Amino acid sequence: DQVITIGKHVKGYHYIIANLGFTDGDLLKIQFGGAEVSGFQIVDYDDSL
Amino acid sequence: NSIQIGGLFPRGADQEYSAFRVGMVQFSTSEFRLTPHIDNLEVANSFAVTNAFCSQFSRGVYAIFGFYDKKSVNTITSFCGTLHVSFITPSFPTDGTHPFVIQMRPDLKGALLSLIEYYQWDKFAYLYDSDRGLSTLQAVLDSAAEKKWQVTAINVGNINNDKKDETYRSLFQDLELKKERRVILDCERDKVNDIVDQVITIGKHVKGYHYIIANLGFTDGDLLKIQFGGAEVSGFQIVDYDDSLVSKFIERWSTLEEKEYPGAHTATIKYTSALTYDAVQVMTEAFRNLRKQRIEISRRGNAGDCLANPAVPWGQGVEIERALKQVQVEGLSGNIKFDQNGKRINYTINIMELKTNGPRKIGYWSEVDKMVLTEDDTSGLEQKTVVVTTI
Amino acid sequence: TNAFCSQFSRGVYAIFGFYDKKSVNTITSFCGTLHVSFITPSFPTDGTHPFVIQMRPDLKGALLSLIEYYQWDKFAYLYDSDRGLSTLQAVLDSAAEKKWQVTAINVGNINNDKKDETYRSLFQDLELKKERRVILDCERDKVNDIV
């Protein structure tokens with residue numbers, strides 16, 4: 001929220017949310033703008049189990 | 001005797017109806033009582049405005065306060081031009097010379113034409129909502145020719161509330177192509193918070209962009225969100241809180257409970273509501289001038305019907321409109337003075353600017369002078385060009 | 001408003017008639033409520049309105065397609081106010097997508113005694129750019145004044 005409110009989610013910045021729950025927080029807010037985030041996921045929803 | 005008036009209020013103008021009844025209880029005098037008959041409707045329905053204005057014209061009123069839209073300004077300025085009933089309103093100033101309509105919301109046309117000169121803009125977008133005339137857009141395309149401007153206007157008020165996020169993200173990507181680093185947002189509050197949410201969510205509030213929220217209520221929406229980042233917004237303010245008449249009001253306004261005055265327990269008033277307090281000051285001064293110079297008037301025995309065949313004039317309305325135009329009160333907006341048409345003359349509109357500390361007034365605009373800089377020759381009296389001791 | 005109620009009081013089945021840019025909200029709100037299905041040759045309304053039947057078809061689709069036909073990117077647009085600004089909103093939104101250089105000018109607020117003075121001030125501002133493609137969106141009496 002703070003790198004949005006100061007406007008550091010434009011192109012050029014790059015992030016890594018080094019959690020195992022990349023899609024557990026609100027990444028819809030930073031989803032546009034140009035800041036290429038990355039992450040790590042253990043619960044892959046493309047599975048039968 | 002008490003004085004019967006009419007109130008045309010929307011179903012959703014909460015703070016304005018509070019600031020109507022605040023001016024009712026404060027400006028009241030034992031000589032005469034400005035007792036209203038309040039009707040609620042939407043101003044997007046000419047069927048409703050007609051059925052209300054005829055019901056008020058039937059129920060013996062001597063003036064009517066109310067709001068209007070694009071959808072009802074022509075219902076009003078034909079009715080009050082016809083039945084000679086004067087009308088006092090805070091809505092957008094009509095494009096014409098209409099009789100029996102008193103505009104409390106001044107103008108920003110030459111003021112917005114003044115500000116663009118002050119930044120020396122030449123190439124800039126212009127997002128507009130329909131919502132109130134289009135008379136700003138016509139004025140800034142008239143002047144865009146002879147001042148060498150490249151306006152890219154976009155109608156933005158057609159957007160429904162479910163395809164909101166998709167279109168604005170589609171919208172600024174177009175202006176991103178043309179390297180549009182300047183916008184104007186000729187909107188109202190409920191839209192200009194949505195557009196500053198979307199230029200945040202796509203990250204166009206960095207350094208380089210420049211904005212103008214061309215409302216008279218610059219500090220009525222949430223500018224805390226865009227307050228950082230580098231996008232130097234600007235605006236226009238009529239309710240300058242650095243004043244004695246305002247700060248005394250903000251005392252008793254902030255103390256009102258939001259049960260008998262809903263949306264009043266706050267420290268900032270909307271400029272729609274602030275003029276609603278200002279307009280009751282205007283009637284009560286003019287209706288005092290009615291009984292002062294011995295112009296004592298009766299309504300009728302029946303007041304007829306609005307759709308009479310023919311619907312007749314009444315000469316005592318000629319006195320009331322002329323009384324409402326001679327008003328020299330001082331209100332929340334400042335100097336309330338009208339010309340012979342009901343529009344504001346000799347008024348002051350404060351050019352703001354948003355800085356990291358907050359809203360920071362760096363000028364004012366008046367009808368007579370110009371866009372006038374108030375003080376601060378240089379930001380902290382700096383820059384002093386230099387003295388070069390050369391040969 | 002007054003003549004609408006007299007015909008509803010006389011019991012009409014439907015109403016033919018004209019409206020302007022001013023009385024358009026007066027008609028379309030009445031017939032949308034009282035179901036007095038309104039037939040008109042006046043200009044089509046901005047949006048959807050029930051019980052209004054609009055015999056003047058449109059102009060926007062052909063006025064855009066004619067512009068792309070002549071390969072246009074730089075031109076003027078002289079408009080009157082009286083039919084609304086529905087057409088002006090169309091070619092100004094499309095100027096964003098297609099990189100046109102519209103130079104729209106309001107001209108319909110000019111009265112008879114200030115015609116020749118301001119019309120010279122009108123076409124002077126064209127010579128600041130030397131624009132030679134003009135769209136004269138007016139009506140018959142006004143387009144004769146321009147031609």
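Non-local amide H neighbours of residue B:365 (under 5 Å, H modeled in plane, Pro and chain starts lacking H): which ones?
Under 5 Å from the amide H of residue B:365 lie the amide H atoms of B:349, B:350, B:351, B:372, each far enough along the sequence or on another chain.
Rounding to the nearest 10 and keeping the result within 0 to 90°, find how far the Cα-based axis of helix B:109-119 lies from the longest principal axis of chain B.
Taking Cα atoms only, the helix is inclined about 10 degrees.
Using only Cα atoms, locate the centre of the stretch B:288-349 and the centre of the stretch C:67-101, then give the distance between them in Å, rounded to an integer.
43
Quick one: putting +1 on the C-beta of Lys and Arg, -1 on the C-beta of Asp and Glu, what dipole do you get for chain B around its Cα centre, in Debye to the nearest 20?
Working: 44 positive and 50 negative charges, 114 e Å.
Using Cβ point charges on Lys, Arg, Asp and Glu, chain B gives about 540 debye.
So how far apart, in nm, are the two label points at residue B:355 and residue C:6 if each is 7 Å from Cα heading toward Cβ?
Output for this residue pair reads 6.5 nm.
Quote the convex hull volume per residue of the protein assembly as shown, based on C-alpha atoms, as a whole number of Å³. Working shown, then result.
Numbers: hull volume 151.4 nm³, N = 587.
Convex hull of Cα atoms, per residue: 258 Å³.
Calculate how steeply helix C:24-34 sits against the longest principal axis of the alpha-carbon atoms of chain C, using the helix alpha-carbon long axis, and give the answer as 0 to 90 degrees to the nearest 10.
Helix C:24-34 and the main axis of chain C meet at about 30 degrees.
Among B:348, B:364, B:279, whose Cα lies farthest out toward the positive end of the dipole of the stretch B:258-391, if unit charges sit on the beta carbon of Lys, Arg (+1) and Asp, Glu (-1)?
About the Cα centre, the residue reaching furthest to the positive side is B:279.
Listed highest first by mean packing, meaning other Cβ atoms within 10 Å per residue, what order do B:135-143, B:210-218, B:190-198 come in?
Details: B:135-143: 20.1, B:210-218: 23.0, B:190-198: 18.3.
So the order, starting with the most tightly packed, is B:210-218, B:135-143, B:190-198.
Could you compute the FRET efficiency for residue C:125 and residue B:97, with r as their C-beta to C-beta distance and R0 at 22 Å, rounded to 0.05? Mind dumping the intermediate values first?
Numbers: r = 25 Å, r/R0 = 1.15.
FRET efficiency, residue C:125 to residue B:97: 0.30.
Could you tell me which of rounded, prolate or oblate describes the stretch B:1-59, using a ≥ b ≥ c as the square roots of the eigenvalues of the alpha-carbon gyration tensor, with rounded for a/c under 1.5 and, failing that, prolate when a/b is larger than b/c and oblate otherwise?
On the way: a/c = 4.95, a/b = 1.44, b/c = 3.43.
Verdict is oblate for the stretch B:1-59.
From other protein chains only, count the Cβ atoms within 10 Å of every residue's Cβ in B:192-205, then give the mean. Spell out each step's value before the answer.
Working: counts 0, 0, 0, 0, 0, 0, 1, 1, 6, 8, 6, 13, 3, 5.
Rounded to a whole number, the mean comes out at 3.
Rank these for me by crowding, B:80, C:5, going from fewest to most other beta carbons within 10 Å.
On the way: B:80 24, C:5 13.
If I rank by nearby Cβ atoms, fewest first, I get C:5, B:80.
What order do you get for B:366, B:2, B:58, B:234 when you list them from fewest to most C-beta neighbours inside 10 Å?
Details: B:366 16, B:2 9, B:58 13, B:234 21.
Taking fewest neighbouring Cβ atoms as first place, the list is B:2, B:58, B:366, B:234.
Which semi-axes, in whole Å and largest first, does the equivalent ellipsoid of the stretch B:50-136 have when worked out from the alpha carbon gyration tensor as the square roots of 5 times its eigenvalues? Before the final figure, lay out the partial values.
Numbers: eigenvalues 220, 32, 17 Å².
Rounded to whole Å, the semi-axes are 33, 13, 9.
Applying 1/(1 + (r/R0)^6) with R0 = 35 Å to the Cβ-Cβ distance of residue B:382 and residue B:346, what FRET efficiency is obtained, to the nearest 0.05?
Working from the Cβ atoms, E equals 0.50.
Under unit Cβ charges (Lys, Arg +1; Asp, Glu -1), what dipole magnitude, rounded to 20 debye, does the stretch B:170-310 have relative to its Cα centre? Show your work: numbers first, answer last.
Numbers: 19 positive and 22 negative charges, 93 e Å.
Charge dipole, the stretch B:170-310, about its Cα centre: 440 debye, nearest 20.
Taking the convex hull of the alpha carbon atoms in the stretch B:126-242, what volume per residue do you get, in Å³? Working shown, then result.
Values: hull volume 13.9 nm³, N = 117.
Hull volume over Cα atoms, normalised by residue count, gives 119 Å³.
Give a residue-ordered list of calculated ³J(HN,Hα) values for the stretch B:262-275 (Karplus: 6.51 cos²θ - 1.76 cosθ + 1.60, θ = phi - 60°; whole Hz; x for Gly, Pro).
Going residue by residue, I get x, x, 9, 6, 7, 9, 10, 9, 5, 6, 5, 6, 5, 6 Hz, with x marking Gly and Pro.
Among DSSP bridges having both ends in chain B, what percentage is antiparallel? Round to the nearest 5. Write down the numbers at each step before the final one.
Values: 14 of 39 bridges.
Rounded to the nearest five, the antiparallel share is 35 percent.
Net charge near residue B:383: determine it from the other residues with C-beta under 13 Å of the C-beta of residue B:383, scoring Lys and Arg +1 and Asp and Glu -1.
Details: positive: B:384; negative: B:376, B:377, B:382.
Result for the neighbourhood of residue B:383: -2.
What is the angle, in °, between the Cα long axis of helix C:86-98 and the longest principal axis of the Cα atoms in chain C? Nearest 10 is fine, range 0 to 90.
Rounded to the nearest ten degrees, it is 40.
Which value in deg cm²/dmol, rounded to the nearest 500, describes the helix-derived mean residue ellipticity at 222 nm for the protein assembly as shown, given -39,500 (n - 2.57) per DSSP H run of n ≥ 4 and division by the residue count?
Numbers: 17 runs with 196 residues, N = 587.
The per-residue figure over the protein assembly as shown is -10000 deg cm²/dmol.
Pop out the ³J(HN,Hα) list for the stretch B:39-51 in order, Karplus 6.51 cos²θ - 1.76 cosθ + 1.60 with θ = phi - 60°, rounded to Hz; leave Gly and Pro as x.
After applying 6.51 cos²θ - 1.76 cosθ + 1.60, I find 10, 10, 6, 10, 7, 8, 10, 5, 5, 6, 5, 5, 6 Hz.
Kindly point out, ordered by number, any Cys in the protein assembly as shown whose beta-carbon has no other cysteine beta-carbon under 4.7 Å away.
Taking the Cβ cut-off of 4.7 Å, the unpaired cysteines of the protein assembly as shown are B:80, B:187, C:5, C:31, C:138.
What net charge is computed for the residues neighbouring residue C:90, neighbours being all others with C-beta under 15 Å from the C-beta of residue C:90, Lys and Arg scored +1, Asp and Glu -1? Could the numbers behind the result be given before it?
Details: positive: C:60, C:83, C:98; negative: C:46, C:58, C:68, C:93, C:97, C:137.
Charge balance in the 15 Å sphere: -3.
Let me confirm one metric for peptide C:90-99, namely the mean number of other chain beta-carbon atoms within 10 Å of its residues' beta-carbons.
Numbers: counts 1, 0, 9, 7, 0, 4, 10, 2, 0, 3.
Averaged over the peptide's residues, the number is 4.
Hey, can you grab everything whose amide H is under 5 Å from the amide H of residue C:137? Only 5+ residues off in sequence or another chain; H modelled, so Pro and N-termini drop out.
HN-HN under 5 Å from residue C:137: C:78.
Do the alpha carbons of any pairs in B:207/C:129; B:70/C:114; B:147/B:178; B:123/B:370; B:147/B:225 sit beyond 25 Å of each other, and which pairs? Walk me through the intermediate numbers first.
On the way: B:207/C:129 33 Å; B:70/C:114 29 Å; B:147/B:178 20 Å; B:123/B:370 23 Å; B:147/B:225 34 Å.
With Cα atoms farther than 25 Å apart: B:207/C:129; B:70/C:114; B:147/B:225.
What is the mean number of Cβ atoms from other protein chains located within 10 Å of the Cβ atom of each residue in peptide C:22-32, rounded to a whole number?
Values: counts 5, 4, 3, 12, 9, 1, 3, 10, 3, 1, 3.
Mean shielding count: 5.
Quick check on packing: order C:64-71, B:342-349, B:274-281 by the mean number of other C-beta atoms within 10 Å, highest mean leading. Write out the running numbers ahead of the final one.
On the way: C:64-71: 11.2, B:342-349: 19.6, B:274-281: 25.8.
My ranking of the peptides, most packed first, is B:274-281, B:342-349, C:64-71.
Which distance in nm do the two modelled labels at residue B:40 and residue A:32 give, with both placed 7 Å along the Cα-to-Cβ direction?
Placing both labels 7 Å beyond Cα along the Cβ direction yields 3.6 nm.
Going through the stretch C:54-112, which trypsin sites (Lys or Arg not before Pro) have at most 13 other Cβ atoms within 10 Å and a DSSP loop state?
On the way: sites: C:60, C:74, C:83, C:98, C:99; in loops: C:83, C:99.
Counting only loop positions with at most 13 other Cβ atoms within 10 Å, the trypsin sites (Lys or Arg not before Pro) in the stretch C:54-112 are C:99.
What are the residues whose amide H is under 5 Å from the amide H of residue B:102, where those residues sit 5 or more places off or on another chain and H is modelled from the backbone?
Excluding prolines and chain starts, which carry no amide H, the hits are B:87, B:88, B:89.
Counting other C-beta atoms within 10 Å, which of B:18, B:28 has the fewest, and how do the rest follow?
On the way: B:18 22, B:28 14.
Exposure proxy ranking, most exposed first: B:28, B:18.
We place every Cβ from the backbone using ideal geometry, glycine too, and count neighbours over all the protein chains shown. None of the figures in this text is laboratory data; all of them are computed from the coordinates on show.
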